[PDB]
Amino acid sequence: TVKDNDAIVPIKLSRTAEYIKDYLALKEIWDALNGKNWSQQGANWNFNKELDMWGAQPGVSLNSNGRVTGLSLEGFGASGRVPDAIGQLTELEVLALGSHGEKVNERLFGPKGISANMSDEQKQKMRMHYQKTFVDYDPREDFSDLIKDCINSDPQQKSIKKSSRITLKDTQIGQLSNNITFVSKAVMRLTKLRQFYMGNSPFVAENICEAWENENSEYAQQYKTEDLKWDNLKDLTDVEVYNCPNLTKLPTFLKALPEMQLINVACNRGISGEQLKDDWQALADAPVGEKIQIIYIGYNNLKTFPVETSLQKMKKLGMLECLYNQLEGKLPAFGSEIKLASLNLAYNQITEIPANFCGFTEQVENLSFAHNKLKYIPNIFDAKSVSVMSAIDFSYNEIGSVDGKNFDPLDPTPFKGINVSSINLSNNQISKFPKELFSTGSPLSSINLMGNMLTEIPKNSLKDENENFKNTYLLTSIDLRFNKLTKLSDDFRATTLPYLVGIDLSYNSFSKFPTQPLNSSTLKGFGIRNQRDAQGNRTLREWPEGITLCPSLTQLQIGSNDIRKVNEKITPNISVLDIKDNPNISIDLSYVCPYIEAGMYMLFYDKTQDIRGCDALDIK
Ligand code: NA
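Residues numbered from 1 in each chain as written, not as in the entry; some residues may be left out. Heavy atoms only, no water. Residues with missing side-chain atoms left out of burial classes, pairs and counts.

Its PDB header attributes the entry to X-ray crystallography and lists the resolution as 2.7000 Å.

Listed below in C-alpha cells is the structure:
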C-alpha cells in the first residue's frame, strides 16, 4: 500500500501470519452469525483474550501451527449469513453448519466424532451414525415375547436387543436448529475439506454456496481473481444437507463435486417428489454418480427413483435408505452389478421389486421392505449363497393377496430362495404356507408368519412326501399368531424339525390340540392362548396330556381358552405357566407349589379356578 503527502509514500505491509488471519476470519464468522447470542445445547466462543488465543474455541480444532482444521456450529443456534471470510480457513478438513445430530442432542463433529485427521475406523463409525440412529432395526423384534424369551435363553442364538431406532415426530420435520440464511461461495477455496454438513436451516437452495456473501468484501475481491472451482475439492467425500424446510430443490454444488461418497439429503420435504427424483438423476448422470457409496434420502416425497440407465451408472453404490417417502408401483432397477450392504425401503407404497433390482455384498446383516404394498416375495436372492444374512423384513405388505400366491407366478426363473437366518412375513395376506422358502434350502432358523390368512399347514409344507429339505433342521422359531389355524401336520414332529425351540400358535382356531410340535426334545416354549372360531367361541377345551414329558419345555401359555380336566400333575420344569382365564379348568399344582412359595415359579391364574394342591394361592 502507498499513501500521499504530491508525493507517493509506501506504507510498510503488516506481514500478518496465516494462523492469525484465520482467527480474524473466525471472529468475522462469529460476528456475521450473531455469535454474541449463541447458546449451546449439550458454551460460546470468547474473544476477550489475546489474538493468538482466538483459535481456542468450543467446536474448533487447530493444528501444531495454530491453523483451523475443523469448525462446527452444531448446537450454537447461529443466525445470519456465512461470510466470504470462511475462504481464509484453507486448512479446514471438517465443517458443520448444522447436522442430524442436533435433532437427537448429539455433537457429530468433535474429537470423539467427525474430526480433522481422524482414523479410517472413526470415519466409518461416524458415517454409520445416521444409520444406527434412524434406520437400523432388528426384524426379529416382531416375534412374540414367548419366542423372543426362548431366543434370548438360547446360547446358540444372538439375543434380541430392545429397540433403539428413533422415529422423527412431524414436529421435528422442518424444526430449525439455527437461522443460517446464506452460505458463501468461498467454501470452493477450502480445497482440503473432507466433510461438509448442514442441517435444520431456513436457507433456500440458490443461497447455498452460489454467490459471494458480500462481493465488496476484502475476501470476495481477492478470491474473485483466484478462479475457484468445485472440481478442486478432491477430498470432500461426506456431504449432508439435512432437514432444510425451505429447500425446493437440492443445492446445485453437489453434482459439481468430483469425489463425494456419502450424501445425506434426508427430511427435505419442501422438495417435490419429481424435483428430488430429477436432482438424484442429475447426481447419477454427473461424474460424481460413479463415486457415491452411501445415500440417506429418507423422510422425503419421492414417488419413484431415477431411470434404470441413470441408476446403473452408480457402480460404487453400497447403502440406500428411502424410509418414509411416497414410493409407488414397480421400482426402477440398479442391476445385479451394484452390490448393496444396506437396503431399507420401509414405509412406502411399493407394489413390486424388479428381478434385477440390485446385488448384495457378503457383509449384509439386515434388509427391510416393510410397510409397502408388495404382492410377492421378490426373487432377487439365492439360498445357495455362502454369505447368510441375519434377517429380512417383509412385514406389513400384501403378500399372498393376489390369488394366494406368495411368489410372482409370471416369474420366468423359479424362486432361488433366500440366504437369510430370519424372515419376517408378519401382517400380510398369506393363505398358503410359503413352502418354496424351505424347498430351495433357505438357511432359516426363524420365521414370523403372524397376522396372516393361514387356516392349516398341511402334510407336505416343510418337506416332500419321502424326503426332508437340506436346511429345515435349522428352523428353531415359528411365529404363527393371529391366523385362523385349525390344523398342523406331522411336519412339526422331530422327524423334520429336530431342533425346534419356540412355537407360538396364540390367537388361532384350534379345537383339537396340535400335539405334533411337542415331539421335539429341544422345545422350550409353546403358546396356544385365546383360541377362537369365526363366531367368537372358545374352541380349545383339550389339555395336551403328556406335555409334562417335554424334556426341555419351561414355558407353556394356554390362557384365555376353555381348558377342562388336566390329569397329569404339573412338573416344576414348566416354570412359566399361564392358565389364566380358563374358568372350567381342573389342575393339580401339588409339585409346583413349594416352587411358587419360594418365588421360583411364574404362574398366571384366577383364584376362582379349580386349582388343587396349593393353599398359598388363596383359591376361593
Ligand atoms: Na443449533
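Q: Account for the environment of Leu577, with residues named and values stated.
A: By the secondary structure assignment, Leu577 is in strand β28 (residues 576-578). A relative accessible area of 0% places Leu577 in the buried class. Measuring from C-alpha to C-alpha, the distance between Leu577 and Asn65 comes to 70 Å, with 512 residues separating the pair along the chain. For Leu577, the residues in contact, after removing those within four places along its chain, are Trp543, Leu556, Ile570, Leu589, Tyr601, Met602, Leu603 and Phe604. (Helix = DSSP H or I, 4+ residues; strand = E, 2+ residues; numbered from the N terminus. Buried < 20%, exposed > 50% of the residue type's maximum accessible area, 1.4 Å probe, protein only. Contact = heavy atoms within 4.5 Å.)

Q: I'd like to hear about the coordination of the sodium ion, residue by residue, with values.
A: Each protein donor to the sodium ion is listed here as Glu102 (OE) and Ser177 (O); together their distances run 2.5 to 2.8 Å. Of this pair, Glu102 sits in the loop between β6 (94-96) and α2 (120-127) while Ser177 sits in the loop between α4 (145-153) and β7 (179-183), placing them 75 residues apart in sequence. Each member of the pair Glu102 and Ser177 is classed as buried. (Donors = N, O, S within 2.8 Å, 3.2 Å for Na, K, Ca; no water.)

Q: Hey, could you go over the side chain of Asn300 for me, with residue numbers and the actual values?
A: Mapped onto the secondary structure, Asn300 falls in the loop between β11 (294-296) and α7 (308-311). Reaching out from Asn300, the side chain makes a polar contact with the backbone oxygen of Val265 at a distance of 3.1 Å. Here the side chain of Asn300 touches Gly298 through a polar contact of 3.3 Å, landing on its backbone oxygen. (Polar contact = N/O pair within 3.5 Å; in protein donor to acceptor, adjacent residues only side chain to side chain.)

Q: Give a description of helix α1 (residues 18-32) that names residues and reports values.
A: An ideal rise of 1.5 Å per residue puts 21 Å on 15 residues; α1 measures up with 21 Å between its terminal C-alpha atoms. Along α1, the positions that sit buried rather than exposed are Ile20, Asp22, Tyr23, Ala25, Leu26, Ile29 and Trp30. Where α1 is buried, its residues meet β3 (60-62), β4 (68-72) and α5 (218-223). (Expected span 1.5 Å × (residues − 1).)

Q: Report on the pattern of salt bridges, specifying residues and quantitative values.
A: Applying the stated criterion across every chain, the model contains 32 salt bridges. With a closest N to O distance of 3.0 Å, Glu18 and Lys21 form a salt bridge. Here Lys21 and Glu18 lie together in helix α1, a separation of 3 residues that amounts to about one turn. Relative accessible area serves as the criterion here: at 35%, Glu18 is assigned to the partly exposed category. Of the charged contacts, one joins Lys192 and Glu91 as a salt bridge, the two residues approaching to 3.0 Å between their closest N and O atoms. Of this pair, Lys192 sits in the loop between β7 and β8 (195-199) while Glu91 is found in the loop between β5 (79-82) and β6, placing the two residues 101 residues apart along the sequence. (Salt bridge = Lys/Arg side-chain N within 4 Å of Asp/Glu carboxyl O.)

Q: Which residues make up the environment of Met118, and what values do they have?
A: Among the secondary structure elements, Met118 is positioned in the loop between β6 and α2. Residue classification places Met118 among the partly exposed residues on the basis of a relative accessible area of 22%. Among residues more than four places away in sequence, those in contact with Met118 are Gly113, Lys123 and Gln195.

Q: Could you give an account of the pairing of β4, with specific residues and numbers?
A: With 5 of its 5 residues buried, β4 lies for the most part within the structure. As paired elements, β3 and β4 share 3 bridges and run antiparallel to each other. Residue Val60 lies in a different strand from β4, and its bridge partner there is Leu71. Between the end of β3 and the start of β4, which pair antiparallel, lie 5 residues, with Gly66 showing a positive phi angle near 75 degrees. The sheet contact formed by β4 and β6 spans 3 bridges and is parallel. Counted as the bridge partner of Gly70 is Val94 from β6. (Pairing = 2+ DSSP bridges.)

Q: Describe the packing of aromatic side chains, listing the residues and the values that go with them.
A: What describes a pair of aromatic rings is the distance from one ring centre to the other and the angle between the planes of the rings. In this structure the tally under the stated criterion is 29 aromatic pairs. Geometrically, the ring pair formed by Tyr130 and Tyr242 is edge-to-face, given 6.0 Å between the ring centres and 75 degrees between the ring planes. Of this pair, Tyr130 sits in helix α3 (residues 129-135) while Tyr242 sits in strand β9 (residues 238-242), and the two are 112 residues apart along the sequence. Classification of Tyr242 by relative accessible area gives buried; the value is 0%. Here the aromatic residues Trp30, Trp38, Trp45, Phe47, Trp54 and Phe76 are joined through ring pairs into a cluster of three or more. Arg81 extends its terminal NZ or CZ atom over the ring of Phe182, reaching a point 4.0 Å from the ring centre. Its end group placed over the ring of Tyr137, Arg165 keeps NZ or CZ at 4.8 Å from the ring centre. (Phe/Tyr/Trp six-rings, centres within 6.5 Å; stacked < 30°, edge-to-face > 60°. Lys NZ or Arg CZ within 6 Å of the ring centre and 35° of its normal.)

Q: Kindly report on the side chain of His129, identifying the contributing residues and their values.
A: Structurally, the position occupied by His129 is in helix α3. Within the local environment of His129, its side chain forms a polar contact with the side chain of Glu106, the two groups lying 2.8 Å apart. With near-sequence residues (within four places) excluded, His129 lies in contact with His100, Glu106 and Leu108.

Q: So, the environment of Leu233: which residues are in play, and what are the values?
A: The residue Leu233 is located in the loop between α5 and β9 in this model. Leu233 sits in the buried class, given a relative accessible area of 0%. Here the alpha-carbon distance between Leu233 and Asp52, two residues 181 residues apart in the chain, equals 29 Å. Not counting residues within four places of it along the chain, the set of residues in contact with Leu233 comprises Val187, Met188, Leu190, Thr191 and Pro258.

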